[PDB]
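Listed below, chain by chain, are the residues.
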Amino acid sequence: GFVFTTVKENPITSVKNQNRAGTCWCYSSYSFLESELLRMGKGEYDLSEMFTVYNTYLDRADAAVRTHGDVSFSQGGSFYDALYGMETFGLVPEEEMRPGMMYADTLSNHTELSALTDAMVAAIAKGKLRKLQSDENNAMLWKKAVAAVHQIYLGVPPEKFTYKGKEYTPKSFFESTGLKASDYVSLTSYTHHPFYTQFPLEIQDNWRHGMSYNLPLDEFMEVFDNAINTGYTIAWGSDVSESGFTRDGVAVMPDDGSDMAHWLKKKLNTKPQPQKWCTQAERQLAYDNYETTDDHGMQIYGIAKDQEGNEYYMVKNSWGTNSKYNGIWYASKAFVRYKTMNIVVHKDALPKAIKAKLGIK
Amino acid sequence: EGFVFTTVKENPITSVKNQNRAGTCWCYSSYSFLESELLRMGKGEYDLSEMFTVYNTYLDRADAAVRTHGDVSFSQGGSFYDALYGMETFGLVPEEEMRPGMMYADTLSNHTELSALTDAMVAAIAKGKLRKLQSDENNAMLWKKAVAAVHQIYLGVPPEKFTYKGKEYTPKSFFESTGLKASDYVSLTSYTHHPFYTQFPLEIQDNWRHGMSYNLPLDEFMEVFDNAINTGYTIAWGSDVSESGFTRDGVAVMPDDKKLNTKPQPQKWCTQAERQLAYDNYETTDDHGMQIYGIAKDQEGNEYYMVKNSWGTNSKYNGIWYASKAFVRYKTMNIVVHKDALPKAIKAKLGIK
Amino acid sequence: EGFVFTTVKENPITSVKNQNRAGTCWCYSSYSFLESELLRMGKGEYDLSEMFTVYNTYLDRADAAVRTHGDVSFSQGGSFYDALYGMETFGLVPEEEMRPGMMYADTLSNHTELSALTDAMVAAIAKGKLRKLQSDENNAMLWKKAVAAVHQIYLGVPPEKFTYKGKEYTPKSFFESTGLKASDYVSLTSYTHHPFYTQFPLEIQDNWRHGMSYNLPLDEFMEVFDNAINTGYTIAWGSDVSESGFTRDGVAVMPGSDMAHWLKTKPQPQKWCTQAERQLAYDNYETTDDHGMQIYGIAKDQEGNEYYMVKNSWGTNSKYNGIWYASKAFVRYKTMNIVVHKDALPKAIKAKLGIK
Amino acid sequence: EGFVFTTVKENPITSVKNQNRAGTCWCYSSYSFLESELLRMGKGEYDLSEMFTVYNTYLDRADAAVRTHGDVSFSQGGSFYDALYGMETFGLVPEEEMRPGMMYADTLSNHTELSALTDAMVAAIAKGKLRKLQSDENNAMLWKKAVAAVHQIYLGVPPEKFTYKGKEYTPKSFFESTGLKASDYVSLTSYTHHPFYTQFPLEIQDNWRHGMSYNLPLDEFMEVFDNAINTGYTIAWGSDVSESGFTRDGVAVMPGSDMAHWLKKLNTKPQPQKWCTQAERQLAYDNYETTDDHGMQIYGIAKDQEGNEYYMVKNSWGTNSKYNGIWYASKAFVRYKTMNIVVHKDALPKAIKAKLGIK
Amino acid sequence: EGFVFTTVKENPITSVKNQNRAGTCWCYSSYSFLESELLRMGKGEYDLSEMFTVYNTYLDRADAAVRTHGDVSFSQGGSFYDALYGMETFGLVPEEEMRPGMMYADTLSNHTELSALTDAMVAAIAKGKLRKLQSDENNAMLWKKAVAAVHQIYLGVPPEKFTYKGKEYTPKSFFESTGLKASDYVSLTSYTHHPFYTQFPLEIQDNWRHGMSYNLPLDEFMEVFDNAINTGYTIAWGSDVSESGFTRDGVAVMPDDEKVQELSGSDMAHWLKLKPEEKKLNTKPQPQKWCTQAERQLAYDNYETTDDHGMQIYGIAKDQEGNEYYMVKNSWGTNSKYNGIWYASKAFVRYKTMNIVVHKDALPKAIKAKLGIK
Ligand SMILES: [Cl-]
Ligand SMILES: [Cl-]
Ligand SMILES: [Cl-]
Ligand SMILES: [Cl-]
Ligand SMILES: [Cl-]
Ligand SMILES: [Cl-]
Ligand SMILES: [Cl-]
Ligand SMILES: [Cl-]
Ligand SMILES: [Cl-]
Ligand SMILES: [K+]
Ligand SMILES: [K+]
Ligand SMILES: [K+]
Ligand SMILES: [K+]
Ligand SMILES: [K+]
Ligand SMILES: [K+]
Ligand SMILES: [K+]
Ligand SMILES: [K+]
Ligand SMILES: [Zn+2]
Ligand SMILES: [Zn+2]
Ligand SMILES: [Zn+2]
Ligand SMILES: [Zn+2]
Ligand SMILES: [Zn+2]
């Protein structure tokens, strides 16, 4: 099988469990931000995903309505949603808004919430209403409806709360962290836009049209290593719908309409194998042709080696701890190179030369 | 060459209301009827809140849709029984405690958006693929909380307590102060697909509570209308009004086939079988609720019932219609009257003590 | 290490039948029940025609769908009350006068094609755009003739007269000869969304006739089961059987992931539910699909746990030849309604319900 | 008793064009605007090919629909930014090199059949069940070739080279010869759901490129219109025209029943106008009353006989109308119904330029 | 206990081809048949381009869909007559001039994306709301140009001229050089909803050209198969293969379930409960159900015999018990037990055949005369 040795790892908080909701964008964002707070000497935090999921879905519903249904309304999101969110809505501690509380559970199950809110948003955004109703202050009634339903399933966001003896609002709690959205950059590597420029990734969950800086593939990978080696972690958005991404905690990239199938019915991923190291063009083809699509968010926090000396990034996942390495995955460098869609890191995690090529002061 | 009407007899009614852009005529007509009853019973003039009863009725209708996995349709209509069940179960509140339009800066109902949202929500539960609906620690259902909250956003918050003419009430104690009783009222109809002098629930979408009606032969059925008006009672009248004979100019006629609907004409007087065919074949379907409160004659001596409608007062007779007896005989689906409005012999045949 | 059952008491039943490929258990179980009643009442052994009653019930169901413009769903199921209403309204006929499968060269039902046609026909009237349905000179509706004629092609022609054991009957006079009366039977349930000791119609799709059930608290409800069996009666038993605890091996016992998206027999102690737990399952869709069977006895396993003995209508190719054992705990949690003869009720419960 | 208009000031425009049966007003208006810019800049009179730019824009729009699995809608509309992005990316060609209607023996556009085919194709890729789209040996996508080929069949073959007034050009070199620059132009709007004096992308279906607009308070926004016209500039004007006040007779002025189920001279002469607040304008955008962004060119200011003020509007519906394809829009209408405008940076008043940080 | 086959007689065939991910068996089997005909006629070995004919046929099928406002379904299938009509109307080209997969960097067909696009396009014209389709100045229809262009993008550009073995041809002149004639070939079937010895068009979706078949009583129909093989001809064979008897392991059998039980050790109860793997219905020689004309008719009327897959019968074989089978060249490549060849029992062929095409001279003289074929 695989035997892994840590080469370097940076501090992370405990492994969380998103359970039955597509909220990995927020869990991974918060694993990342909690590592940042540890790195910045602020200590250990447990931030409320539900608070930010709640506020983000209200904005996503608004985007769906303003675009008459073009912006899809669904459970996913982006790292930028979390960075925009902290600056706009604030932050609250986990205990002020926990998953599952409204329906007598301790973990999320958002299937019913989505059934209701998807139908409501569609009825406004894609229906035949010619003039939406508003109150005497021009506040929209449909927005009040969608907010009220989200509160019934997710909880009431607090206006004030007490944390470790001090009273905060979500805004003042955020301010106390010292985090700034402007400290963080999103990076990607594709050829349908020029290198060293910014563009918004064309994926459904980037409905805020947040920008990413575009780097050639080798410089892109240089950022991963520099980040980990200088003490930073990485918010990692990747496609994980590959036979190489397994339930047994490893993600590898090994080098390997039928008429007939209609009328009738190797050890590739289980031990170290030589990896396919993709070119920029191969990586591009997979993004263009739908092979690399479904952006699942995780945190890379370290580098490890297998017994044959192959290199892997160490990944904190948000599926709880019931797995081979207690909620941790190992992703080969070859996998990460081919299947990564975007990353977010602190600006100071970037090598000086790359920073200069991107024009980041 | 038009209609000239002379009142033969009419009983007291309250002011003409306007349901505007909602299918809530079942509640407006029920309350016109109950307000006439209160006047008749010496309790004075009331203006009851339709919105309070519409709100509570819709929450029960949604529950019925969900329990039947979508068989019970979820829509804006309802029945006289919804109002009678409602007053006994939820109570009553004065108009001013829950007015139409308030939530969206109007004074009249427009429920198109509320229906767009609540129809979609109810369908997502009742007709979707959810295998286990979510509940809180007290086994209260989350979807019900959602549907209630959305109805409150568009219709208003129903009051738990309020003050009316110097006294504090709950909706229950306000209802109790009126002296109204559901058991005083009977629903009557006339069809041949069930035996006469028995009770059955009319097979129409808005009777999802499966309320019962007593079945009478057509001539005895019409005898009840006249006896009611002539002895001082009014009638909650449920009728099909989708006929060329029912007009915007305030008359509902049943002429024998131009000037068919614009002056007095000889009327087609239907048989029981003709009335039945129209119910069986979809020609008599869409039960709109109104109040009959009097009898009138045209200049040729043809007889009409005087009808209080709920479309406001911007019409030829200020919100009042005249429906010919022939029309009423053919197109009525059901009526509600106080038990004492029934002639003694008919009461006895129905077994109503 | 399996189950070994010992009969404590059982009452007489007729042979196990097979509904095969149709959702007609409501009628098979009703008739297993009524045939047990006839044995109990000294009338001897009958084999009544399910198909005759299924035929007539579907024509009424279509009418209900059309009158309500599609609110009443049109499908294969039904209720105990459909059978009891049926016998009084349409009559009864012996099995041999209208057998399953005959029209398509089989001996067991397969109603898939019949349903494909009749569902489509009923929907075209009930949910379509026709503004005036057609009728003949006697005001008889043409669409009803069409739906009747199609049902006859697949189910058979109901007899107007027939001979049985040397005498001529109509379906009505055959029913009259049985001595059965619908008024002898009561439907019972146990739920808290209506008051106890009152009647209401269970809010399920197959109760489109809106037949009433008397509502009892859960413990009194279970008292009725035992009293019935112990005094010689059987029970028409409507239950949810879509549970991991209900098995193909003849025993019924008490039992949107991001991660799941990306990847892929002996006596046990029973959970004894409360009224509130039972209610939650009915309210939340966990207890929904009312399948009809007949409880005719009480049995024990080797550890002394108690079970009701159940006659099913899936034929005899199963571990106990078409018989099931349902634990008392299962029955308590998953029962939707039962029908028993009034005299099967304990006297005190009869009085609380106002049943003379 | 009707309207009589007197021009106060108007700036040079080219002839009135006719988009006919296609939702391509975004391109016709952009080009009316750019042709006025060329006149203003001393480059003379041009007639630029809308079809060339419509063609290239639709291929990019199909790509956006496919990359977003159908979120970006695929339809005939677009934005001013589509034209500005387009000239810099694809180039420009003269009208005669790609005319409307030519492929189907007409001289005006009718794109109903083209849209029927291409909408169906794009949806089969973007919203279907294909798990892996096909590509050739150079990683070029087959579906893109298909959509390009079908657009050529209906719109024409875009030229690689052509001759215009004695000189050979490519679309890129023709664009370069005009001296136009996308960076000379800014998009402006006025809404309160984002802060004033910042940039954001208007949340409308035809802004699928997510082009940015600078946000101004309503009074400063209107100041820009007047300053532009009065200093010799024209305006690319994006507005909702689905109002009883917008008429077929060339003037734009400020304007579930149970019962309906069973059963004034407002726009024809000068009237007092409702002058909207920022909040009223916002409500209409939020509530769907102001939605369908149609593109036109404002090129002047006029007065009616009572002294009320109007902007003069070059439309793209041909010349068979009261004022030969020109409309008059009251200042009150423009204030309430405008969604966005594009002007040259030098059309902006100095103080507004400074507040926006535009050097 | 499996099958062991001995060839009794087989006629020359070309190599086994692979249609891969497209429903183009009608063309592959037609061309296996026509290539056998060319060998029989002394013209040597050819490898004809299926893709050329698939391309042209689909353009005609789209036209038929549009003219009938969607009644003619637009899909990947077709008929033997499509190939015979095609060679006379469009011509023929060698494989190398238009190969499967080339446009998308493969060597085998995958037409899923092509169909997803072209189905949607044809439906937008045939079943949409367009009241007047657009045309150019020569009255050529724009939608046809669109569908042709898209098919070329996925299938390739059909050649106007090409060189083959030192000579220049057009598709027409290449067809002429083969000596093949559509009029040499007849389609035969056996059904009772039309009179015997008459012609009618089989009522199936892929016969949208309404090509005719001659109708024979079942026993005379089967006589044709044997006479064809025994006198040196092969057969284009259209059959239903959606049966438990048609297997991935290269046999198509029609076992009598009732008889197989009574020969086993199991009683009727002990059997029905046994696992399919131990019944042995399709894995060794078993007594066959031999259908009557009426049973064969019922299966066509009731949807049990419906989906025409096309293959080539080129020989007759026996199993170790002396039961008879037709030898079948399939178009699913060579990765199978008998390298792409199937053995179909005579009982299977009798019950499940929908139609065949053979050269007229393959028909026994007396049958030829009863059909009026000079
Ligand atoms: Cl994901
Ligand atoms: Cl509840
Ligand atoms: Cl109505
Ligand atoms: Cl049976
Ligand atoms: Cl069952
Ligand atoms: Cl033009
Ligand atoms: Cl490409
Ligand atoms: Cl326009
Ligand atoms: Cl033979
Ligand atoms: K947390
Ligand atoms: K993938
Ligand atoms: K009122
Ligand atoms: K009517
Ligand atoms: K029976
Ligand atoms: K032009
Ligand atoms: K070939
Ligand atoms: K078959
Ligand atoms: Zn995820
Ligand atoms: Zn009404
Ligand atoms: Zn069942
Ligand atoms: Zn326009
Ligand atoms: Zn095939």
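About the thresholds
- Residues numbered from 1 in each chain as written, not as in the entry; some residues may be left out.
- Chains lettered and ligands numbered in written order.
- Part of a larger assembly, values for the part shown.
- Heavy atoms only, no water.
- Residues with missing side-chain atoms left out of burial classes, pairs and counts.
- Helix = DSSP H or I, 4+ residues; strand = E, 2+ residues; numbered from the N terminus.
- Rg over C-alpha atoms; globule rule 2.2 N^0.38 Å.
- Salt bridge = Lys/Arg side-chain N within 4 Å of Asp/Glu carboxyl O.
- Donors = N, O, S within 2.8 Å, 3.2 Å for Na, K, Ca; no water.
- Tetrahedral: all angles 85-135°; square planar, octahedral: opposite > 155°, others 65-115°.
- UniProt positions renumbered as here; feature names shortened; annotations may be inferred.
- Contact = heavy atoms within 4.5 Å.
- Buried < 20%, exposed > 50% of the residue type's maximum accessible area, 1.4 Å probe, protein only.
- Expected span 1.5 Å × (residues − 1).
- Polar contact = N/O pair within 3.5 Å; in protein donor to acceptor, adjacent residues only side chain to side chain.
- Core = buried A, V, L, I, M, F, W, Y, C linked by side-chain atoms within 4.5 Å.

Visitor: Give a description of the overall build of chain C that names residues and reports values.
Guide: A tally of regular secondary structure across chain C gives 11 helices and 12 strands. Taking 356 residues into account, the globule formula puts the C-alpha radius of gyration at 21 Å, and chain C, at 21 Å, falls close to it. Along the longest, intermediate and shortest principal axes, the C-alpha atoms of chain C span 70 × 65 × 45 Å.

Visitor: Can you tell me about the pattern of salt bridges, naming the residues and giving the values?
Guide: Enumeration according to the criterion identifies 79 salt bridges over all chains in this entry. Across the pair C:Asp184 and C:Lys181 runs a salt bridge, and its minimum N-O distance is 4.0 Å. With its nearest N and O atoms 2.8 Å apart, the salt bridge here joins D:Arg40 to D:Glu37. Here D:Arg40 and its partner D:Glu37 are both found in helix α1 (residues 25-40), three residues apart, which amounts to about one turn of the helix.

Visitor: Would you mind going over the coordination of the potassium ion (ligand 17) in detail, with residue names and values included?
Guide: Residues and elements named next belong to chain E. Every protein donor of the potassium ion (ligand 17) is listed here as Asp-240 (OD), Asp-240 (OD), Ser-242 (O), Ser-242 (OG), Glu-243 (OE) and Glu-304 (O), and their distances to the metal cover 2.3 to 2.8 Å. Each of the six donor atoms around the potassium ion (ligand 17) contributes to a set of angles spanning 46 to 151 degrees, which defines the coordination as irregular. Spacing between the donor residues of the potassium ion (ligand 17) along their common chain follows D-x1-S-E-x60-E.

Visitor: Any chance you could break down the UniProt feature "active site" (unreviewed entry) in chain C for me, citing the residues and the numbers?
Guide: Residues and elements named next belong to chain C. As annotated by UniProt and renumbered to match this structure, "active site" (unreviewed entry) occupies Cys-25, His-291 and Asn-312. Counting through the fold element by element, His-291 comes out in strand β9 (residues 290-300). With residues up to four places along the chain from it excluded, the contact list for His-291 reads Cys-25, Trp-237, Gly-238, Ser-239 and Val-241. Looking at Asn-312, the relative accessible area reads 4%, which means it is buried.

Visitor: Break down helix α1 (residues 25-40) of chain C for me, with residues and values.
Guide: Residue and element names in this part refer to chain C. Here α1 contains 16 residues, and its C-alpha end-to-end distance of 22 Å stays within 8% of the 22 Å for a straight helix at 1.5 Å per residue. Of all 16 residues in α1, 14 are buried, a share of seventy percent or more. Note on α1: the residue one or two positions beyond its end, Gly-42, has a positive phi of about 80 degrees.

Visitor: Could you give an account of the side chain of E:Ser190, naming the residues involved and the relevant values?
Guide: Residues and elements named next belong to chain E. Along the chain, the position of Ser-190 falls in the loop between β4 (185-189) and β5 (199-201). Among the polar contacts listed, one links the side chain of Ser-190 to the backbone oxygen of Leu-216, at a separation of 2.6 Å. The contact partners of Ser-190, leaving out residues within four places of it in the chain, are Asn-215, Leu-216, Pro-217, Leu-218, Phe-221, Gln-293 and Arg-296.

Visitor: Describe the UniProt feature "binding site: Zn(2+)" (unreviewed entry) in chain A, with residues and values.
Guide: Using the residue numbers shown here, the UniProt feature "binding site: Zn(2+)" (unreviewed entry) corresponds to A:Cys24, A:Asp259 and A:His296. Within the secondary structure layout, A:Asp259 lies in helix α8 (residues 259-263). Other than its neighbours up to four places away in sequence, A:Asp259 contacts E:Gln19, E:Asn20, E:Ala22, E:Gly23, E:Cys25, E:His309 and E:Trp332. For A:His296, the location among the structural elements is in strand β9 (residues 295-305). What makes A:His296 buried here is its relative accessible area of 1%.

Visitor: Run through the nonpolar core, naming residues and quoting values.
Guide: Note that soluble globular proteins tend to have their nonpolar side chains buried in a common cluster. Of all hydrophobic cores here, the largest spans 113 residues; its most connected members are A:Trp142, A:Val149, A:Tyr153, B:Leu34, B:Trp143, B:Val150 and B:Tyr154. Once residues within four sequence positions are removed from consideration, A:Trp142 is found in contact with A:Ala61, A:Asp62, A:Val65, A:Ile124, A:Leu132, B:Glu113 and B:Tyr154. The next biggest cluster of nonpolar side chains, apart from the first, holds 109 residues, and it includes D:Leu117, D:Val150, E:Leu84 and E:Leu180.

Visitor: Let's hear about the coordination of the zinc ion (ligand 19): which residues, and what values?
Guide: The coordination sphere of the zinc ion (ligand 19) contains the protein donors B:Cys25 (SG), B:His288 (ND1), D:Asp258 (OD) and D:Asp258 (OD), at a distance range of 1.9 to 2.5 Å. Considering all four donor atoms around the zinc ion (ligand 19), the spread of angles at the metal, 53 to 142 degrees, places the coordination shape in the irregular class. A residue pair is termed interchain when its members come from two chains, as with B:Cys25 in helix α1 (residues 25-40) and D:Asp258 in helix α8 (residues 258-262). Taking relative accessible area as the criterion, B:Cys25 reaches 7% and is therefore assigned buried.

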